[PDB]
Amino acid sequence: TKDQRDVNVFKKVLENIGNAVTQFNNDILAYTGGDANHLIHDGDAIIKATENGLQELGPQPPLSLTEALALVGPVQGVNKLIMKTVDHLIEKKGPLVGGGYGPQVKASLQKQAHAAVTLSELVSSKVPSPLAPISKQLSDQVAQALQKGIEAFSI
């Protein structure tokens, strides 16, 4: 149906972003010190998925109420993942900063955040009024999580 096809573009974008966050999380968990370039690369892959999502969703028409409701679960999932990943990254501040990666991690998070807020506002512009409050809450979660990271890797 057209209804499933409509939401599927949004779902695929969220899935692609979630996959990139998951890879980043896996490598953060595995990291205890030394070379962090593959980890930094993973961070930049999240930016690319977010940029691809912006490009794919830019001109999408407004979602119906039931279409937009189908995105609540997917977004809550991605958000929980982001929150946990950032927490895990902050838990590795010692070895990252110690290995000289502090500035690069901060810069990656700032760039992630700029793309994330752009996408969160774009998706929020596609949902009808009843979802405006939850869309703001979900947008704020992402922004707040990334900001928590940026602060941790500041001096």
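Numbering starts at 1 and follows the sequence shown.
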Mean Cα B-factor comparison, 50 to 58 or 90 to 98, giving the higher one as deposited: 90 to 98
Mean B factor on CA atoms, stretches 99 to 107 and 66 to 74, record says higher is 99 to 107
Please place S124 in the lowest, middle or highest third of its chain according to the CA B-factor in the PDB entry. lowest
Where the record places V117 (Cα B-factor, split into thirds across the chain): lowest
Tertile call for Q147 (CA temperature factor, within chain, third-based) is the highest
